[PDB]
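Asker: Just passing along the structure, written as structure tokens.
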Amino acid sequence: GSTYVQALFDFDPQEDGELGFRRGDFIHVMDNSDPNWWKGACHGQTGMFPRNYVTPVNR
Amino acid sequence: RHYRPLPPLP
């Protein structure tokens, strides 16, 4: 498996440094230490994104 | 930290 997910819903940056992506963006879960905000990547950028805006891939 | 409260999905 590869620490990643998939933005079930396009996401937007609400703060300053939050990951920014759009539905289908594989968020590279870089730090799932959070229950609702995994510090991860998506397509070249990284930061905090809501683990819910994405879904875990690989199985 | 500033994880922010999970936003509402569309």
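Residue numbers start at 1 in each chain; chains themselves are named A, B, ... in the order of the structure tokens; ligands are numbered from 1 in the order shown.
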For chain A against chain B, which residues fall within 7 Å using only C-alpha atoms, given as a PyMOL selection string?
Answerer: chain A and resi 9+36-37+48+50+53
Asker: Could you find all residues in chain A that DSSP calls strand (DSSP E or B) from the backbone, and write them as a PyMOL selection string?
Answerer: chain A and resi 7+11+18+21+31+37-41+46-50+54
Asker: Just write the chosen residues, C-alpha atoms, as a JSON list (two decimals), in the first residue's frame.
Answerer:
[["chain", "number", "residue", "atom", "x", "y", "z"],
["A", 7, "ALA", "CA", -10.67, 13.58, -2.44],
["A", 11, "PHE", "CA", -11.31, 20.60, -1.26],
["A", 18, "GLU", "CA", -4.04, 23.58, 4.25],
["A", 21, "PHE", "CA", -7.17, 19.76, -4.23],
["A", 31, "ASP", "CA", 0.58, 12.39, 8.64],
["A", 37, "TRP", "CA", -7.23, 16.49, 9.37],
["A", 38, "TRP", "CA", -4.44, 14.37, 7.89],
["A", 39, "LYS", "CA", -1.29, 16.29, 7.06],
["A", 40, "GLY", "CA", -0.72, 15.05, 3.58],
["A", 41, "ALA", "CA", -0.18, 15.92, -0.07],
["A", 46, "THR", "CA", 1.15, 19.29, 1.04],
["A", 47, "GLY", "CA", -0.47, 20.62, 4.23],
["A", 48, "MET", "CA", -3.55, 19.92, 6.37],
["A", 49, "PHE", "CA", -6.69, 18.56, 4.75],
["A", 50, "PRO", "CA", -9.81, 16.97, 6.20],
["A", 54, "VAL", "CA", -10.80, 12.13, 0.86]]
